[PDB]
């Protein structure tokens, strides 16, 4: 128990999902077919863990900022943790809203130890399905610091594309939910995310009539500032 986050709270916590599917024409970005499947899957798989999940669809940049700022201003005293899942287009360091781009760091900053007191010493988890660049992976034949207690689970490594199958959803979300459903009530979060890394790496490969984007691979990227083990027990 000394090496694990205390989970003896009334609620596991809030899980906010920002599901951006449709974008203003001025952004030049296309519809994210498959993302509703991700949002539906995540609602189910995170609820199974014990989270109180709320979904917001097609948010403007101002709305994303307002949502997360307001969430950070709620009283989390009776919650063990907080989670946020961002589903959108992205480039390095930013995520698209319906009307533009917002730096990811500015969205997460609301939950810093000096800004969200009732989440102090509790895990703050961010899962991000978005591109981080335009590189393809061709594959190869087989007091406390204010930034403590954050974990970022990125769908892909910095500088790389992130993949989504239109009738199935993003590879990262598919893998994430399947592992959480199978093992989420048993394994530690890093054990879970490591299995997600392997699943994305091994069970997916891109299909396209466009040669440039055919037979490509993906590996996710977990950034942890956690100070204890996290079990959803």
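Positions refer to the first chain, counted from 1. What we label the rigid core is the largest C-alpha set whose atoms superpose within 1.5 Å from one form to the other.
After a core fit, the C-alpha atoms in 4 other deposited structures of this protein lie farther on average from the shown form in one of 170-178 and 196-204, namely 196-204. Coverage remark for residue 76: present in the model in all other entries compared whose chains are built on both sides, leaving no third without it.
Among the other PDB entries of this protein that were compared and that flank it with modelled residues, residue 113 is modelled in all, so it is never left out in a third of them. Across the two stretches, 121-129 and 144-152, the PDB entry reports the greater mean Cα temperature factor for 144-152. Relative to one another, 99-107 and 133-141 have unequal mean CA B-factors, and 133-141 is the one with the higher figure. Highest CA B-factor among the listed residues (214, 217, 11, 21): 11. Residues shown: 83, 116, 87, 157. Highest C-alpha temperature factor in the entry: 116. When the CA B factors of the chain's modelled residues are split into thirds, the value for residue 162 lands in the lowest one. Sort the chain's modelled residues by C-alpha temperature factor and residue 58 lands in the lowest third, per the entry. Annotation for residue 49: CA B-factor lies in the highest third of the chain's modelled residues. Residue 205: CA B factor lies in the lowest third for its chain, per the PDB record. When all modelled residues of the chain are sorted by CA temperature factor, residue 37 is found within the middle third.
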